[PDB]
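Engineer: One structure, pasted below without further comment.
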Amino acid sequence: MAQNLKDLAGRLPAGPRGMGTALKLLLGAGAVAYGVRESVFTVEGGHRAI
């Protein structure tokens with residue numbers, strides 16, 4: 001008896017989405033945080049910086 005067979009034809013151009021966006025966003029946030037931290041330094045008491 002005839003059965004159900006799915007038939008997909010043609011391809012739509014594009015890339016997979018969703019996971020990539022999340023990862024990129026996370027990376028950007030981490031980079032920004034890292035940059036800010038690098039910009040700041042602390043000199044503790046009794047010390048002096050040149």
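FYI, nothing fancy with the structure tokens labels: chains A, B, ... in order, residues from 1 per chain, ligands from 1 as they appear.
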Within chain A, find each residue whose DSSP state, derived from the backbone, is helix (DSSP H, G or I), and express the selection as a PyMOL selection string.
Structural biologist: chain A and resi 19-39
Engineer: Using the selection just defined, write its residues with N, CA and C atoms as an mmCIF file, in the first residue's frame.
Structural biologist:
data_model
loop_
_atom_site.group_PDB
_atom_site.id
_atom_site.type_symbol
_atom_site.label_atom_id
_atom_site.label_comp_id
_atom_site.auth_asym_id
_atom_site.auth_seq_id
_atom_site.Cartn_x
_atom_site.Cartn_y
_atom_site.Cartn_z
ATOM 1 N N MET A 19 22.417 29.403 17.115
ATOM 2 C CA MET A 19 23.512 29.057 17.972
ATOM 3 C C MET A 19 24.629 29.997 17.731
ATOM 4 N N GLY A 20 24.862 30.326 16.451
ATOM 5 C CA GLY A 20 25.976 31.143 16.088
ATOM 6 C C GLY A 20 25.828 32.501 16.683
ATOM 7 N N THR A 21 24.602 33.056 16.671
ATOM 8 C CA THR A 21 24.390 34.395 17.130
ATOM 9 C C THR A 21 24.682 34.467 18.593
ATOM 10 N N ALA A 22 24.262 33.440 19.351
ATOM 11 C CA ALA A 22 24.422 33.442 20.772
ATOM 12 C C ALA A 22 25.875 33.441 21.093
ATOM 13 N N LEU A 23 26.649 32.609 20.376
ATOM 14 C CA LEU A 23 28.034 32.482 20.695
ATOM 15 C C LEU A 23 28.741 33.767 20.410
ATOM 16 N N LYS A 24 28.381 34.443 19.301
ATOM 17 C CA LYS A 24 29.049 35.665 18.953
ATOM 18 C C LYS A 24 28.785 36.712 19.994
ATOM 19 N N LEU A 25 27.546 36.775 20.523
ATOM 20 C CA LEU A 25 27.169 37.790 21.475
ATOM 21 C C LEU A 25 27.963 37.600 22.730
ATOM 22 N N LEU A 26 28.116 36.331 23.155
ATOM 23 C CA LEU A 26 28.801 36.027 24.378
ATOM 24 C C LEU A 26 30.224 36.447 24.254
ATOM 25 N N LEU A 27 30.839 36.189 23.082
ATOM 26 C CA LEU A 27 32.234 36.472 22.872
ATOM 27 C C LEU A 27 32.441 37.949 22.947
ATOM 28 N N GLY A 28 31.514 38.741 22.372
ATOM 29 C CA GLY A 28 31.680 40.170 22.353
ATOM 30 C C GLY A 28 31.648 40.698 23.752
ATOM 31 N N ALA A 29 30.731 40.171 24.586
ATOM 32 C CA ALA A 29 30.601 40.680 25.921
ATOM 33 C C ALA A 29 31.855 40.407 26.689
ATOM 34 N N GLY A 30 32.421 39.198 26.514
ATOM 35 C CA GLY A 30 33.585 38.820 27.262
ATOM 36 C C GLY A 30 34.726 39.712 26.890
ATOM 37 N N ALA A 31 34.856 40.038 25.588
ATOM 38 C CA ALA A 31 35.950 40.842 25.104
ATOM 39 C C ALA A 31 35.853 42.211 25.695
ATOM 40 N N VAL A 32 34.626 42.763 25.782
ATOM 41 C CA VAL A 32 34.525 44.107 26.288
ATOM 42 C C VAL A 32 34.946 44.134 27.721
ATOM 43 N N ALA A 33 34.525 43.113 28.492
ATOM 44 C CA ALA A 33 34.826 43.118 29.896
ATOM 45 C C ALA A 33 36.306 43.047 30.116
ATOM 46 N N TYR A 34 36.988 42.217 29.315
ATOM 47 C CA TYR A 34 38.405 41.981 29.415
ATOM 48 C C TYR A 34 39.134 43.263 29.143
ATOM 49 N N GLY A 35 38.669 44.020 28.131
ATOM 50 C CA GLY A 35 39.342 45.244 27.792
ATOM 51 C C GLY A 35 39.269 46.208 28.934
ATOM 52 N N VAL A 36 38.093 46.312 29.565
ATOM 53 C CA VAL A 36 37.959 47.295 30.594
ATOM 54 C C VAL A 36 38.870 46.960 31.740
ATOM 55 N N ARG A 37 38.974 45.659 32.078
ATOM 56 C CA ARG A 37 39.770 45.271 33.209
ATOM 57 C C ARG A 37 41.207 45.626 32.968
ATOM 58 N N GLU A 38 41.680 45.452 31.720
ATOM 59 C CA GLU A 38 43.063 45.673 31.402
ATOM 60 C C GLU A 38 43.380 47.121 31.568
ATOM 61 N N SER A 39 42.395 47.998 31.321
ATOM 62 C CA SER A 39 42.653 49.401 31.425
ATOM 63 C C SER A 39 42.879 49.811 32.866
#
